[PDB]
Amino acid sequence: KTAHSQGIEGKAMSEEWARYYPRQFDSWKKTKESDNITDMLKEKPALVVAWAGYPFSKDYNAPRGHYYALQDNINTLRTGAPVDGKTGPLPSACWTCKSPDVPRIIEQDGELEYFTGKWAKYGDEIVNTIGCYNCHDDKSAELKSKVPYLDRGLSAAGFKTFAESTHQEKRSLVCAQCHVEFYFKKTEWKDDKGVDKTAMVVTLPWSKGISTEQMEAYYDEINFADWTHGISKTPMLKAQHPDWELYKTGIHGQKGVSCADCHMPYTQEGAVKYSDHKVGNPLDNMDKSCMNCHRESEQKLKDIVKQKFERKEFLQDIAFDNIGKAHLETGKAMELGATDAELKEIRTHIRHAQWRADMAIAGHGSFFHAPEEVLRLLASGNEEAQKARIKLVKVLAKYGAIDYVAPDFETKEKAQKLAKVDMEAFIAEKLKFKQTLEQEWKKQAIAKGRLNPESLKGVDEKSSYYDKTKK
């Protein structure tokens, strides 16, 4: 039994746990060290074309430390510039995987209420970043999943629920609360006051299983689209960081190595074992993360991982080049008068191409967690894109444009022009929001005692559109 067996007052604030667990608190805070903003649209402008019509064509950066999760959720151009709790582009579900205030609010408002309304609804309540309470019971300190959709997905896929799982399984499932592919299911409900409401509920598309193809079948069966492509008008699916799903296809996952084994390695100090809570790049800490199971040098292992990254990059660039061209060629065919009927098969190929390729690349560790599945997925996605392009030549020819050359999209700026993203306008609007409503949110949360200003140190120095140069 713990020193906090009746629970922790202010449990959503990780600082409240520090008195009991100073070591884990200290290492947990060190994800502040991982402050790099890598603008993935700048690095891979083909993604802008892939995501035309979708917020990821505005702003999409690589992950950084958990310390920044909440602030990055606020800063991303994807969440736009609300003026109040009823405005802004995105729904309340966007907080879900960013904050320990999420289970706090779910446990208080209920899941459906939590999932009802705009992201801006909770701006002055959801103010702590990924914290102890996202993964731990505040009485027993045991690992817990705090979000109902995970068990729902696990059960749908025929897996054991969190509670039914082994400890070693839980050491990955706590991560899978967030590091999974999801969609928002529009969910009609009626509250305690009999008011009809609409929730957008985080849902794991796992009822046919957790392979990319099973999820593709799932989404096709329900005719789901995350958006209609801004160039090709294809019904598109967006993959989001299927880190756990793909990790399950990989040899380490198959062998029962948990996320925590690599990302939260143990340090043994006499009779006491401590987990490193600085969740980051295991390659920064290889003696602890890798070398308990692997012999021979760190450099050789690093070199092998680099080769995996390079193979993935090679296939990713091919697949997304063909995907981008297919979108653009479809847009051209549309401009010339090609009908939806004439483009239907093409669009299905593009949807599947991009679903598979996005699923391969959307988990930034998948190239390592499941290298062979990632390569197969990129190859499969590229094949679908090329089938679309072969069919597109014929449609273009029918409309007198067989010699059409899809425009180049080799810089973010050129790609964003093709995707009709006025990023300057979005940035200007965003800055106004940050300078006004965001600061009101933080001021109110501090006044109410939901937010400790200590947690804000260095948290808002960088985004894809500013860098105060300090983080």
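Residues carry their position along the shown sequence, with the first being 1.
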Going by the entry, of stretches 278-286 and 349-357 the one with greater average Cα B-factor is 278-286
Stretch with higher mean Cα temperature factor, 326-334 vs 103-111, is 103-111
Which one, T129, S145, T234, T79, has the peak C-alpha temperature factor per the PDB entry?
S145
By the entry's C-alpha temperature factors, tell me which of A397, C97, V180, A157 sits highest.
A157
For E424, the third of its chain by CA B-factor is the highest
So, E245's CA B-factor, relative to its chain, sits in which third? The middle
Place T38 in the lowest, middle or highest third of its chain's C-alpha B-factors, as listed in the PDB entry.
middle
If you rank every modelled residue in this chain by C-alpha B factor, which third holds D59: lowest, middle or highest?
lowest
Ranked against its chain, the third holding the CA B-factor of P265:
highest
